[PDB]
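Asks: The structure's right below; bear with me while I get my questions together.
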Amino acid sequence: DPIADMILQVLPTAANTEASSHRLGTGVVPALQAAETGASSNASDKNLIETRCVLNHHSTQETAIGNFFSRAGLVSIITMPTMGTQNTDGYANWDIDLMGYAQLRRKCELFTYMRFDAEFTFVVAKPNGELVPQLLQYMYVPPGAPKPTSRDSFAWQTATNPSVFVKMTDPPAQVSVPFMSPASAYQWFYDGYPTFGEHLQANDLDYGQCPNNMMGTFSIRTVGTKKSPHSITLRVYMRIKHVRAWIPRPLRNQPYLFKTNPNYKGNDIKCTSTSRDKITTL
Amino acid sequence: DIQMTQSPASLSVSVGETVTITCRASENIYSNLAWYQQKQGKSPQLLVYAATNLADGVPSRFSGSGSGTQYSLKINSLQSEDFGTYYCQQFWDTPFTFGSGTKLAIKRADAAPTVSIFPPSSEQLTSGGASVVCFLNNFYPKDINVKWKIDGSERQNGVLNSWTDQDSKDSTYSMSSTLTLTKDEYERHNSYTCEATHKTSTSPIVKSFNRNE
Amino acid sequence: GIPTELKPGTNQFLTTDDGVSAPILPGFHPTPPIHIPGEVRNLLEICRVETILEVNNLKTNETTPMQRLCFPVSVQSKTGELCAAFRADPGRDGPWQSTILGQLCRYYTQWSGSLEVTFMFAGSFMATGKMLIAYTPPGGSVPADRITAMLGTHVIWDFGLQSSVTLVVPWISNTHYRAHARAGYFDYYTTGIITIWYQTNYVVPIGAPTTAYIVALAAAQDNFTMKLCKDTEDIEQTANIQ
Amino acid sequence: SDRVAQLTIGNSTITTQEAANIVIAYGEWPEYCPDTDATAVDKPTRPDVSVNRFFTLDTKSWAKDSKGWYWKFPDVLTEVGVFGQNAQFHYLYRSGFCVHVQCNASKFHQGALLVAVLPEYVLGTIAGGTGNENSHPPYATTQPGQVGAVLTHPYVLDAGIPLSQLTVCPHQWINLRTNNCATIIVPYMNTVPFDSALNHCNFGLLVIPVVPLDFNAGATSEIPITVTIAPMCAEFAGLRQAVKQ
Amino acid sequence: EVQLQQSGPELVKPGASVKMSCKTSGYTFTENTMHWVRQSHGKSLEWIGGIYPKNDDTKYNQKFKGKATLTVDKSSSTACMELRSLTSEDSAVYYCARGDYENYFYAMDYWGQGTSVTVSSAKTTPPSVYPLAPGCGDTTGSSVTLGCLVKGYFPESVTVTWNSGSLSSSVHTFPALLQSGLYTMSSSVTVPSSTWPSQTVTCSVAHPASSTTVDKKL
Amino acid sequence: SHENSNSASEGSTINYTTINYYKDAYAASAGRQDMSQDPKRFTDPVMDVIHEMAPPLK
C-alpha cells in the first residue's frame with residue numbers, strides 16, 4: 001500500500017397516555033424548547049400537567065396515503081356536440097393532462113413525487129342527461145402514435161392501441177392504466193428550463209413542462225361512417241391505487257388560473273386565515 | 001361526401017303558375033336544408049332555412065316542406081322578379097355540398113329564328129386566317145343542334161358556340177359562331193352550309209354561298 | 001352454466017368501491033424505483049410538524065399579509081393585560097387555517113388527540129419578561145381578568161437562553177371524537193379559548209427596542225387521530241381552469 | 001459545547017460560536033449512487049478535494065423593509081470554481097449540498113430569519129394582476145445566478161403556497177437573540193439517478209425576514225447575510241464539449 | 001345593416017399566389033363565423049372552408065386543404081385568404097359571408113360582392129375590329145342584318161357603340177369564347193332594308209382596359 | 001394463475017392481501033394499507049438527539 005488516503009415502527013393504534021404526578025426540581029425543563037433548531041417540540045402531556053392512564057384504541061388506517069387516494073375524482077369532461085365549433089366532426093382528441101379540475105389537483109400538489117397506478121372510469125351521458133342506444137369507441141394514443149383526422153381514418157383500425165367498445169346504455173367501463181412514466185415517479189412540479197441553448201422570451205412557454213408526465217392523447221369517436229344525431233358528453237374519473245409518495249409540499253390557498261404553470265391573481269390575493277375585528281375579542 | 005342532385009336542371013314557366021323544385025341528398029341530413037336565389041351577376045340570398053322557416057326580407061309566397069332525404073320547395077304564386085337559379089345546402093356533413101342548380105325562365109309561344117349567313121371578307125386574309133360566321137336571333141326554346149355541311153362531311157374538332165341570357169321584354173336568346181381555319185385550306189372546297197335543326201319545322205331551311213358570289 | 005340471481009347493486013359505480021378492472025397492456029413491467037428521501041407513508045407524520053399560526057389575523061392588515069404571522073408585545077403601564085385570544089379548534093375558520101395541521105384537518109370530519117402550541121420570542125437579547133399562557137375549557141367566554149383565567153391549564157415562561165416554549169392543549173372532551181365547530185348545532189365540539197396574558201412586565205434597558213414580536217407555532221401529538229375523510233372548503237373553482 | 005460547531009469539508013473550514021444543531025434533510029445523509037439504482041453505463045468521475053469545499057456566494061443587505069431573497073441550486077455554482085467547469089463539460093450530474101447561512105448582529109438588535117429548503121420550487125407569475133393573460137417568468141428570475149433575486153410577494157412566495165406551511169420542509173430558524181448561523185445538509189432528491197445541472201434545478205433556498213429588523217438610532221444599520229454552499233459527493237458523467245447554457 | 005366589401009379583381013399568372021380580403025362591419029366580428037364559397041363555370045358551387053375568428057379555428061375541405069389558407073386580423077374587422085399553386089381551372093369568383101353565433105351551421109343571410117379572380121398567362125393585346133357587310137349581291141329577305149367581330153383583346157371586357165348610342169334595343173351582346181387561349185366577340189343587329197344602300201351604318205368597339213378605340217365604317 | 005411482478009409497489013409493499021382475477025399485478029385491488037410510521041425524520045431532523053428532560057441548548 002504505497003498510497004494511504006486511497007484506502008420504521010408499526011403503529012396500528014394511537015399512543016396511550018401514561019399516568020404522571022407533580023414534579024418539583026431544577027435542571028430538568030421539558031417545557032422550554034428551542035425552535036431555532038428546525039425541529040418540533042418533543043414535550044408530551046404527562047411531562048407538563050398531571051395525567052391518568054388512558055388506553056387509546058383509535059385506529060390510524062384512515063390517515064394512510066392509500067386510503068386518502070383510493071377515492072375517484074373528476075379529471076376531465078369531453079364535450080362532443082353536433083352543433084358548435086370545436087368537436088362537431090364526430091371525433092374529439094383530448095391530450096392527457098390531469099390538471100383541469102382543482103379538487104384532485106390539490107391532493108397531488110401535496111407531495112412532490114408520486115408513483116402510483118390509476119383506474120380510469122368513463123361515464124357517457126347526453127347534455128340534458130338522457131341516454132340513447134349509441135355505440136362509442138375509446139382509444140389511447142401514446143406519444144409517437146398517429147392522431148386521427150376523421151372518424152373514418154386509418155388510425156381507428158386500432159391494431160396495437162387499446163380500445164374499449166362501450167354503449168350509453170351500458171355501465172361505465174373500468175380499466176387499470178399502469179405506471180407509464182419513464183422516471184421513477186410522477187413529477188408534478190418541474191423547476192428549470194428543459195430546453196438547450198440560449199433561452200429567449202418567445203420560448204418561455206416551456207417552463208415547468210416535463211416530458212415524463214405527457215402520456216399523449218385520448219381520442220373518442222362515434223362508431224360509423226355517418227354522423228350521429230345525438231350529442232355525447234364524456235366524463236373521466238381516476239382512482240389512484242398502489243401509491244407511494246415523497247417530499248411533502250405546502251397546499252395551495254390561491255385559486256387556480258392555468259393548468260400549465262401555477263399562476264395566481266396579483267391584485268386580489270385572498271389570505272389563508274379568516275380575519276376578525278380585534279386580537280383580544282372573540 | 002353527401003352529394004345533392006336537383007331535378008329538373010331547367011324549368012321554364014309563365015307568371016302565375018306553381019313551381020315545385022326538388023332537392024335530394026344521398027344520406028339523411030335531419031331537415032338541415034337551405035335555399036338560395038342567385039340572379040344574373042348578383043349575390044345569392046337565403047330564402048328559407050331548415051326547410052320550414054323563411055329568412056328576413058322573404059315574402060310568404062315561398063313555402064318549403066320535406067323530411068328525410070327527399071325535399072321540395074313550392075312557389076305560389078310566381079312573380080316576375082323570382083327568376084334565377086336555385087341551390088340547396090346541407091348542414092350535416094363536413095364539407096358542405098351544394099346542388100346542381102335549377103334555372104327558372106319565362107314560357108313564351110313558338111317563334112321562328114332569323115337566318116343570318118355571311119361570307120368572309122378579305123381583310124382577315126392578311127393575318128393568315130379566315131372566319132365564316134352564322135347567327136340566329138329570336139328563337140325559342142334553347143334546343144338547337146349546330147350542323148355544318150361541307151361536301152357532305154363534318155369537321156371535328158373546331159365547332160363550338162355560345163348563347164346569351166334571357167331578356168326582359170323580348171325574353172329570347174341569340175346564337176354566335178366562331179370558326180378557326182387558315183386561308184390556304186379555304187379555297188379547296190366551295191360548298192359551305194350553315195344548318196340548324198329546330199322544332200319549328202320538320203325540315204330545316206337550306207342556304208349556302210360560294211367563293212366568287 | 002351455474003345458477004345465479006342478481007342482487008341490488010347491479011350496474012352501480014361507487015367511487016370508493018375497490019374492484020378489479022381490466023389491464024390494457026400485457027406484461028407491462030414499469031420503471032424500477034430508486035431511493036428517494038422523504039417518503040410519506042401516513043398523514044399523521046405531517047400533522048406533527050410545527051407550522052406558523054396566524055394569531056394577528058385582522059381586517060386592517062389584509063393588504064400587508066406579512067404582519068399576520070406575529071403579534072406585538074410592548075411595555076405596559078398597568079399590569080395584567082390581555083395580549084391575544086383565539087380558539088383552540090383546528091377545524092374552525094380562523095387562525096388554524098394557516099397551519100398544515102388545520103388544513104389536513106379540514107379534509108376530515110371527526111378528529112381526536114391532543115395538540116401543542118409553541119410560542120417563540122424573537123425580541124432582543126436584553127429583553128426580559130414573563131408570560132402567562134392559559135388554556136380554558138369550554139363553557140364560558142373569554143376571561144376579562146387574569147385571576148379568572150388562571151383556574152385552567154396554564155404555565156409560567158420566562159425569557160432566557162431558550163427563546164421558545166410549548167404548552168400542550170389537553171384532550172378534555174365529552175366524546176371520543178368531535179366534528180368541526182360552527183355557529184349553530186355544531187358549537188358543542190369546541191376545544192377551548194387560548195389566552196395570552198402579561199405576568200409581570202416587559203422590561204428593556206436603554207438602547208433596546210420597546211416592541212418585540214412573538215411567532216406562534218402549532219402541531220399535533222402522538223395520540224392525534226382523524227377519520228371520516230371529505231373535501232375541504234378552502235379549495236374553490238368557479239368558471240374553469242384554462 | 002453544543003452551540004460551538006466546526007465544519008471541515010475539503011480545504012475550507014467554517015467555525016461558528018453561537019449556532020443551533022445541524023439539520024439533516026429528511027434524515028438522509030448524502031451518499032454516492034449505488035450500482036442497483038444506476039442506469040448510466042459509462043464510468044463517472046468523483047473529485048473530492050477540488051469540488052467538495054465551501055463556496056462563498058455574494059453578500060446581501062438586510063434592511064427594515066426587506067421582502068426576501070432566494071437562490072437556485074446548483075445554478076449559483078455553474079460558473080464558480082472547478083465545479084462550474086466540470087458541470088459544463090459533463091452531461092450528467094449528482095451531488096448533495098451543504099447550505100450554511102451566516103447572519104450576525106449585536107445583542108441590541110432583534111429579528112428572525114426563516115431559512116428553508118424547497119425541492120422543485122417552481123416560480124409562478126402574477127399574470128398582470130387581472131389573471132386574464134398568460135405570462136411566464138423570464139430567465140433572469142428563474143435562474144438568477146450567484147447573485148440571486150428578490151421576492152416580490154413573500155406571503156405567497158410566487159407559487160401560491162403560504163409562508164406559514166413552509167416549516168414542513170427541512171428548515172432552520174435564524175433568530176438574532178440566540179444563534180447567528182444555520183446549517184442544513186441536503187442530499188440528492190430527484191426521480192432520476194443523474195440529471196443535467198444546466199437545464200434543471202434540484203432544489204432552492206428561501207430566506208424570508210418573517211420578523212422585521214428593528215433597532216434604535218445610533219446602532220449598526222448594515223446587517224450582512226452571506227450564504228456559503230458546499231457540494232457533497234459529486235459525480236460527473238457523460239463527458240462532452242463546453243456548453244454554457 | 002351588414003355590408004361585406006371585398007377587394008378588387010386582380011389578374012395573376014399561373015405559378016404565383018394571390019391574397020384577397022373581406023372587410024365587414026355592423027356586427028360583432030369575433031362572435032360570428034365566416035365561410036368561403038366559390039362558383040366555377042357554369043353554375044357549380046363548392047365550399048372552401050369555414051373560419052371561427054376568436055383566436056384561430058379553421059375547418060378545411062378535403063380537396064382544398066393545401067391550396068387555401070385562412071387568416072384573420074383581430075385589429076381591423078377583415079378576413080383574408082391566400083391561395084397557392086393556381087392553375088387554369090381555379091379561375092372563379094369568390095364569396096365571403098357571416099355565419100352563425102358560435103356555429104358553422106345556420107347558413108349565411110347577407111353575402112359579399114363577389115370579386116372575380118382570373119388566372120391567365122396571356123399578354124395584354126389591343127383589340128382589332130373586323131368589318132362585316134353584305135354581301136353576295138342579292139339581299140334576302142326584308143331584314144338586312146350585319147355585325148362586327150373583335151379579335152385580340154385581353155382581358156375582359158370591351159364596350160359596344162352603334163352610331164354614338166342611337167339604337168339600343170336591337171344591339172345584342174355575346175360572351176367570350178376560348179380559341180387557342182384567345183377570346184372573341186360578335187354582334188347581331190336586326191336592320192330592315194330601308195337603310196342599305198341609302199344610309200351608312202358603322203360599328204365602333206372601345207376597350208377600357210387597354211385604352212384602344214378603333215372605329216370601322218361598314 | 002401465476003401473476004407477474006408488474007406493479008407500482010415493487011420493492012416496498014404497503015398492502016397485505018389483495019384480489020387479482022387477471023394476469024397483471026397492477027389490475028388488482030388496493031388492499032389494507034401498512035401501519036408503519038416514521039415521524040423522526042420529519043419532526044426531529046437533527047444529528048444529535050434532544051432528550052425530553054434535558055435542555056436542548058447547553
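Identifiers for the C-alpha cells are assigned positionally: chains receive A, B, ... in sequence, residues are indexed from 1 per chain, and ligands are indexed from 1 in the order shown.
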Skip region 128-143 of chain E itself and residues of its chain fewer than 4 positions away, then list as a list in words all residues within 6 Å of it, counting only C-alpha atoms.

Replies: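 In the requested format, the answer is residues 213 of chain B; 147, 148, 149, 150, 151, 191, 192, 193 and 218 of chain E.
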
Asks: Compute the set of chain C residues within 9 Å of chain D, using only C-alpha atoms, and express it as a PDB file with N, CA, C and O atoms, in the first residue's frame.

Replies:
```
ATOM      1  N   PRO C  32     -38.122   0.526 -12.696  1.00  0.00           N
ATOM      2  CA  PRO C  32     -37.712   0.171 -11.329  1.00  0.00           C
ATOM      3  C   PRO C  32     -37.443   1.412 -10.497  1.00  0.00           C
ATOM      4  O   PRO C  32     -36.730   2.325 -10.941  1.00  0.00           O
ATOM      5  N   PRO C  33     -38.000   1.486  -9.292  1.00  0.00           N
ATOM      6  CA  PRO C  33     -37.864   2.700  -8.484  1.00  0.00           C
ATOM      7  C   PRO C  33     -36.487   2.815  -7.847  1.00  0.00           C
ATOM      8  O   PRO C  33     -35.740   1.844  -7.719  1.00  0.00           O
ATOM      9  N   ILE C  34     -36.167   4.043  -7.444  1.00  0.00           N
ATOM     10  CA  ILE C  34     -34.901   4.343  -6.787  1.00  0.00           C
ATOM     11  C   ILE C  34     -35.191   4.835  -5.377  1.00  0.00           C
ATOM     12  O   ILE C  34     -36.354   4.964  -4.980  1.00  0.00           O
ATOM     13  N   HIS C  35     -34.140   5.114  -4.611  1.00  0.00           N
ATOM     14  CA  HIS C  35     -34.282   5.585  -3.238  1.00  0.00           C
ATOM     15  C   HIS C  35     -34.448   7.099  -3.253  1.00  0.00           C
ATOM     16  O   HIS C  35     -33.505   7.833  -3.566  1.00  0.00           O
ATOM     17  N   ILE C  36     -35.642   7.564  -2.915  1.00  0.00           N
ATOM     18  CA  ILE C  36     -35.956   8.987  -2.822  1.00  0.00           C
ATOM     19  C   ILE C  36     -36.185   9.315  -1.351  1.00  0.00           C
ATOM     20  O   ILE C  36     -37.019   8.668  -0.703  1.00  0.00           O
ATOM     21  N   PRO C  37     -35.468  10.283  -0.780  1.00  0.00           N
ATOM     22  CA  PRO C  37     -35.671  10.618   0.633  1.00  0.00           C
ATOM     23  C   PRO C  37     -36.980  11.362   0.854  1.00  0.00           C
ATOM     24  O   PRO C  37     -37.516  12.024  -0.037  1.00  0.00           O
ATOM     25  N   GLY C  38     -37.496  11.241   2.076  1.00  0.00           N
ATOM     26  CA  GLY C  38     -38.729  11.912   2.435  1.00  0.00           C
ATOM     27  C   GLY C  38     -39.989  11.157   2.083  1.00  0.00           C
ATOM     28  O   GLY C  38     -40.967  11.772   1.645  1.00  0.00           O
ATOM     29  N   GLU C  39     -39.998   9.839   2.262  1.00  0.00           N
ATOM     30  CA  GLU C  39     -41.174   9.046   1.930  1.00  0.00           C
ATOM     31  C   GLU C  39     -42.240   9.205   3.006  1.00  0.00           C
ATOM     32  O   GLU C  39     -41.958   9.075   4.201  1.00  0.00           O
ATOM     33  N   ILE C  46     -47.141  14.313   8.946  1.00  0.00           N
ATOM     34  CA  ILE C  46     -47.172  15.703   8.510  1.00  0.00           C
ATOM     35  C   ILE C  46     -47.821  16.588   9.570  1.00  0.00           C
ATOM     36  O   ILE C  46     -47.422  17.744   9.747  1.00  0.00           O
ATOM     37  N   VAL C  49     -45.637  18.165  12.522  1.00  0.00           N
ATOM     38  CA  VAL C  49     -44.655  19.198  12.215  1.00  0.00           C
ATOM     39  C   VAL C  49     -45.230  20.550  12.612  1.00  0.00           C
ATOM     40  O   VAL C  49     -46.388  20.858  12.303  1.00  0.00           O
ATOM     41  N   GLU C  50     -44.426  21.355  13.305  1.00  0.00           N
ATOM     42  CA  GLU C  50     -44.878  22.663  13.758  1.00  0.00           C
ATOM     43  C   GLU C  50     -44.960  23.636  12.588  1.00  0.00           C
ATOM     44  O   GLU C  50     -43.993  23.812  11.844  1.00  0.00           O
ATOM     45  N   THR C  51     -46.121  24.267  12.428  1.00  0.00           N
ATOM     46  CA  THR C  51     -46.340  25.261  11.389  1.00  0.00           C
ATOM     47  C   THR C  51     -46.779  26.572  12.024  1.00  0.00           C
ATOM     48  O   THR C  51     -47.306  26.597  13.139  1.00  0.00           O
ATOM     49  N   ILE C  52     -46.561  27.663  11.288  1.00  0.00           N
ATOM     50  CA  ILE C  52     -46.757  29.001  11.835  1.00  0.00           C
ATOM     51  C   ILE C  52     -48.244  29.296  11.970  1.00  0.00           C
ATOM     52  O   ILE C  52     -49.019  29.140  11.017  1.00  0.00           O
ATOM     53  N   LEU C  53     -48.649  29.723  13.163  1.00  0.00           N
ATOM     54  CA  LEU C  53     -50.029  30.074  13.462  1.00  0.00           C
ATOM     55  C   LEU C  53     -50.213  31.580  13.339  1.00  0.00           C
ATOM     56  O   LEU C  53     -49.410  32.358  13.864  1.00  0.00           O
ATOM     57  N   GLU C  54     -51.273  31.989  12.644  1.00  0.00           N
ATOM     58  CA  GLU C  54     -51.543  33.402  12.379  1.00  0.00           C
ATOM     59  C   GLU C  54     -52.538  33.918  13.413  1.00  0.00           C
ATOM     60  O   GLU C  54     -53.750  33.902  13.188  1.00  0.00           O
ATOM     61  N   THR C  64     -51.250  44.000   3.852  1.00  0.00           N
ATOM     62  CA  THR C  64     -49.886  43.602   4.198  1.00  0.00           C
ATOM     63  C   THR C  64     -49.961  42.290   4.974  1.00  0.00           C
ATOM     64  O   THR C  64     -50.038  42.289   6.212  1.00  0.00           O
ATOM     65  N   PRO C  65     -49.934  41.150   4.278  1.00  0.00           N
ATOM     66  CA  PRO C  65     -50.126  39.864   4.971  1.00  0.00           C
ATOM     67  C   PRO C  65     -48.905  39.378   5.734  1.00  0.00           C
ATOM     68  O   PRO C  65     -48.986  38.333   6.392  1.00  0.00           O
ATOM     69  N   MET C  66     -47.777  40.091   5.668  1.00  0.00           N
ATOM     70  CA  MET C  66     -46.591  39.661   6.402  1.00  0.00           C
ATOM     71  C   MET C  66     -46.711  39.952   7.892  1.00  0.00           C
ATOM     72  O   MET C  66     -46.009  39.335   8.702  1.00  0.00           O
ATOM     73  N   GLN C  67     -47.591  40.878   8.274  1.00  0.00           N
ATOM     74  CA  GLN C  67     -47.788  41.213   9.678  1.00  0.00           C
ATOM     75  C   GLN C  67     -48.737  40.259  10.391  1.00  0.00           C
ATOM     76  O   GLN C  67     -48.917  40.385  11.606  1.00  0.00           O
ATOM     77  N   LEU C  69     -48.265  37.035  10.733  1.00  0.00           N
ATOM     78  CA  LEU C  69     -47.528  35.893  11.254  1.00  0.00           C
ATOM     79  C   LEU C  69     -47.025  36.093  12.677  1.00  0.00           C
ATOM     80  O   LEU C  69     -46.528  35.134  13.279  1.00  0.00           O
ATOM     81  N   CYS C  70     -47.139  37.298  13.230  1.00  0.00           N
ATOM     82  CA  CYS C  70     -46.649  37.568  14.572  1.00  0.00           C
ATOM     83  C   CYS C  70     -47.479  38.679  15.198  1.00  0.00           C
ATOM     84  O   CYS C  70     -48.011  39.546  14.499  1.00  0.00           O
ATOM     85  N   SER C  98     -54.084  28.566   8.657  1.00  0.00           N
ATOM     86  CA  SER C  98     -52.784  28.788   8.035  1.00  0.00           C
ATOM     87  C   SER C  98     -51.807  27.658   8.333  1.00  0.00           C
ATOM     88  O   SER C  98     -50.745  27.583   7.709  1.00  0.00           O
ATOM     89  N   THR C  99     -52.136  26.783   9.278  1.00  0.00           N
ATOM     90  CA  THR C  99     -51.252  25.683   9.630  1.00  0.00           C
ATOM     91  C   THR C  99     -51.559  24.452   8.784  1.00  0.00           C
ATOM     92  O   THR C  99     -52.671  24.280   8.278  1.00  0.00           O
ATOM     93  N   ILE C 100     -50.551  23.585   8.638  1.00  0.00           N
ATOM     94  CA  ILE C 100     -50.755  22.337   7.910  1.00  0.00           C
ATOM     95  C   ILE C 100     -51.496  21.316   8.767  1.00  0.00           C
ATOM     96  O   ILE C 100     -52.021  20.329   8.238  1.00  0.00           O
ATOM     97  N   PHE C 121     -40.114  33.585  21.017  1.00  0.00           N
ATOM     98  CA  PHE C 121     -39.870  35.002  21.262  1.00  0.00           C
ATOM     99  C   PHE C 121     -38.691  35.450  20.406  1.00  0.00           C
ATOM    100  O   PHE C 121     -37.576  34.941  20.558  1.00  0.00           O
ATOM    101  N   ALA C 122     -38.937  36.403  19.509  1.00  0.00           N
ATOM    102  CA  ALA C 122     -37.919  36.908  18.599  1.00  0.00           C
ATOM    103  C   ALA C 122     -37.459  38.320  18.937  1.00  0.00           C
ATOM    104  O   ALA C 122     -37.104  39.073  18.027  1.00  0.00           O
ATOM    105  N   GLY C 123     -37.457  38.695  20.211  1.00  0.00           N
ATOM    106  CA  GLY C 123     -37.024  40.016  20.610  1.00  0.00           C
ATOM    107  C   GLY C 123     -35.517  40.108  20.769  1.00  0.00           C
ATOM    108  O   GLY C 123     -34.746  39.259  20.320  1.00  0.00           O
ATOM    109  N   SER C 124     -35.095  41.180  21.434  1.00  0.00           N
ATOM    110  CA  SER C 124     -33.679  41.418  21.668  1.00  0.00           C
ATOM    111  C   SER C 124     -33.178  40.537  22.811  1.00  0.00           C
ATOM    112  O   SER C 124     -33.950  39.934  23.560  1.00  0.00           O
ATOM    113  N   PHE C 125     -31.851  40.466  22.944  1.00  0.00           N
ATOM    114  CA  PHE C 125     -31.241  39.643  23.983  1.00  0.00           C
ATOM    115  C   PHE C 125     -31.403  40.257  25.368  1.00  0.00           C
ATOM    116  O   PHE C 125     -31.485  39.523  26.360  1.00  0.00           O
ATOM    117  N   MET C 126     -31.455  41.584  25.457  1.00  0.00           N
ATOM    118  CA  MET C 126     -31.596  42.268  26.735  1.00  0.00           C
ATOM    119  C   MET C 126     -33.044  42.406  27.185  1.00  0.00           C
ATOM    120  O   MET C 126     -33.296  43.030  28.222  1.00  0.00           O
ATOM    121  N   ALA C 127     -33.996  41.850  26.440  1.00  0.00           N
ATOM    122  CA  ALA C 127     -35.408  41.932  26.789  1.00  0.00           C
ATOM    123  C   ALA C 127     -35.768  40.786  27.726  1.00  0.00           C
ATOM    124  O   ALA C 127     -35.573  39.613  27.385  1.00  0.00           O
ATOM    125  N   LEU C 161     -32.214  31.840  27.781  1.00  0.00           N
ATOM    126  CA  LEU C 161     -31.428  31.249  26.702  1.00  0.00           C
ATOM    127  C   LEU C 161     -32.325  30.525  25.705  1.00  0.00           C
ATOM    128  O   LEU C 161     -32.100  30.596  24.491  1.00  0.00           O
ATOM    129  N   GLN C 162     -33.344  29.828  26.198  1.00  0.00           N
ATOM    130  CA  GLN C 162     -34.337  29.191  25.343  1.00  0.00           C
ATOM    131  C   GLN C 162     -35.418  30.211  25.009  1.00  0.00           C
ATOM    132  O   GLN C 162     -36.219  30.581  25.875  1.00  0.00           O
ATOM    133  N   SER C 163     -35.441  30.663  23.757  1.00  0.00           N
ATOM    134  CA  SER C 163     -36.352  31.714  23.323  1.00  0.00           C
ATOM    135  C   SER C 163     -37.726  31.193  22.922  1.00  0.00           C
ATOM    136  O   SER C 163     -38.539  31.969  22.409  1.00  0.00           O
ATOM    137  N   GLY C 207     -31.455  51.627  24.972  1.00  0.00           N
ATOM    138  CA  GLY C 207     -30.843  51.178  23.744  1.00  0.00           C
ATOM    139  C   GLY C 207     -31.541  50.008  23.084  1.00  0.00           C
ATOM    140  O   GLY C 207     -31.312  49.757  21.895  1.00  0.00           O
ATOM    141  N   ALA C 208     -32.385  49.287  23.822  1.00  0.00           N
ATOM    142  CA  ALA C 208     -33.157  48.158  23.329  1.00  0.00           C
ATOM    143  C   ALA C 208     -34.502  48.631  22.782  1.00  0.00           C
ATOM    144  O   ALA C 208     -35.055  49.628  23.258  1.00  0.00           O
ATOM    145  N   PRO C 209     -35.040  47.950  21.766  1.00  0.00           N
ATOM    146  CA  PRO C 209     -36.371  48.312  21.265  1.00  0.00           C
ATOM    147  C   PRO C 209     -37.461  47.965  22.268  1.00  0.00           C
ATOM    148  O   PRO C 209     -37.385  46.962  22.981  1.00  0.00           O
ATOM    149  N   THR C 211     -40.571  47.254  21.481  1.00  0.00           N
ATOM    150  CA  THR C 211     -41.606  46.439  20.861  1.00  0.00           C
ATOM    151  C   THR C 211     -40.965  45.213  20.232  1.00  0.00           C
ATOM    152  O   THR C 211     -40.085  45.341  19.376  1.00  0.00           O
ATOM    153  N   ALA C 212     -41.407  44.035  20.656  1.00  0.00           N
ATOM    154  CA  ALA C 212     -40.921  42.764  20.140  1.00  0.00           C
ATOM    155  C   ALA C 212     -42.079  41.994  19.511  1.00  0.00           C
ATOM    156  O   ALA C 212     -43.249  42.357  19.656  1.00  0.00           O
ATOM    157  N   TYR C 213     -41.740  40.917  18.807  1.00  0.00           N
ATOM    158  CA  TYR C 213     -42.719  40.084  18.127  1.00  0.00           C
ATOM    159  C   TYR C 213     -42.571  38.639  18.584  1.00  0.00           C
ATOM    160  O   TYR C 213     -41.464  38.163  18.844  1.00  0.00           O
ATOM    161  N   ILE C 214     -43.705  37.947  18.680  1.00  0.00           N
ATOM    162  CA  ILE C 214     -43.753  36.553  19.107  1.00  0.00           C
ATOM    163  C   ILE C 214     -44.350  35.726  17.977  1.00  0.00           C
ATOM    164  O   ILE C 214     -45.459  36.010  17.511  1.00  0.00           O
ATOM    165  N   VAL C 215     -43.614  34.706  17.541  1.00  0.00           N
ATOM    166  CA  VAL C 215     -44.055  33.803  16.483  1.00  0.00           C
ATOM    167  C   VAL C 215     -44.741  32.607  17.126  1.00  0.00           C
ATOM    168  O   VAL C 215     -44.214  32.016  18.078  1.00  0.00           O
TER     169      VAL C 215
END
```

Asks: I'd like the neighbourhood of residue 34 (chain E) as an NGL selection string, where a residue qualifies if any of its atoms comes within 8 Å (using only C-alpha atoms), though same-chain residues fewer than 5 positions away should be ignored.

Replies: :E and (50-53 or 96-99 or 104)

Asks: Could you list the residues in chain A lying within 7 Å of chain C, using only C-alpha atoms, and format the result as number ranges by chain?

Replies: A: 14-16, 31-35, 40, 45, 58, 60, 62-65, 70-72, 100-102, 162, 171, 174-177, 179-180, 182-184, 245-247, 253, 255-259, 272-282

Asks: Would you save the residues of that selection, restricted to C-alpha atoms, as a short mmCIF file (atom, residue, chain, number, x, y, z; two decimals), in the first residue's frame?

Replies:
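out39.cif, freshly written:
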```
data_model
loop_
_atom_site.label_atom_id
_atom_site.label_comp_id
_atom_site.auth_asym_id
_atom_site.auth_seq_id
_atom_site.Cartn_x
_atom_site.Cartn_y
_atom_site.Cartn_z
CA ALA A 14 -52.64 5.74 18.67
CA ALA A 15 -50.20 6.21 21.53
CA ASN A 16 -51.51 5.67 25.05
CA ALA A 31 -41.45 22.86 28.65
CA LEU A 32 -38.55 25.05 27.49
CA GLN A 33 -37.56 24.06 23.95
CA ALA A 34 -35.58 25.58 21.07
CA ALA A 35 -37.50 26.34 17.87
CA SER A 40 -40.56 20.11 16.62
CA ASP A 45 -48.81 15.83 28.03
CA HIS A 58 -58.21 4.81 17.98
CA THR A 60 -54.80 5.19 12.14
CA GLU A 62 -57.89 6.47 7.63
CA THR A 63 -54.75 8.62 7.86
CA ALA A 64 -52.83 6.44 5.39
CA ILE A 65 -51.79 7.58 1.92
CA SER A 70 -58.42 5.43 -3.21
CA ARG A 71 -61.43 7.69 -3.91
CA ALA A 72 -62.22 8.57 -7.52
CA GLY A 100 -58.12 20.76 -15.34
CA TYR A 101 -60.02 20.38 -12.07
CA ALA A 102 -58.91 21.71 -8.71
CA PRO A 162 -56.03 -0.21 -26.52
CA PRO A 171 -72.34 0.58 -17.18
CA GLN A 174 -63.19 0.50 -15.86
CA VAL A 175 -59.58 -0.07 -16.92
CA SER A 176 -56.31 -0.14 -14.97
CA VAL A 177 -53.63 2.07 -16.51
CA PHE A 179 -47.18 3.29 -14.25
CA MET A 180 -46.25 4.60 -17.71
CA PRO A 182 -40.11 6.75 -17.79
CA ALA A 183 -38.84 8.16 -14.48
CA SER A 184 -39.21 6.59 -11.04
CA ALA A 245 -45.41 9.49 -2.08
CA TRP A 246 -42.27 11.53 -1.45
CA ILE A 247 -41.26 15.06 -0.37
CA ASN A 253 -54.59 28.67 -0.80
CA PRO A 255 -57.44 29.76 -6.87
CA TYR A 256 -56.03 28.06 -9.94
CA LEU A 257 -55.85 30.03 -13.19
CA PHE A 258 -53.88 27.92 -15.71
CA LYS A 259 -53.10 24.21 -15.84
CA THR A 272 -55.42 31.92 4.32
CA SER A 273 -56.75 32.89 7.76
CA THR A 274 -60.19 34.37 8.36
CA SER A 275 -59.91 37.96 9.55
CA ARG A 276 -61.62 39.39 12.63
CA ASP A 277 -62.04 42.76 14.33
CA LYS A 278 -59.62 42.70 17.28
CA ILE A 279 -56.97 40.31 18.56
CA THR A 280 -58.38 40.47 22.11
CA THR A 281 -62.05 39.90 21.18
CA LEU A 282 -63.74 36.63 20.28
#
```
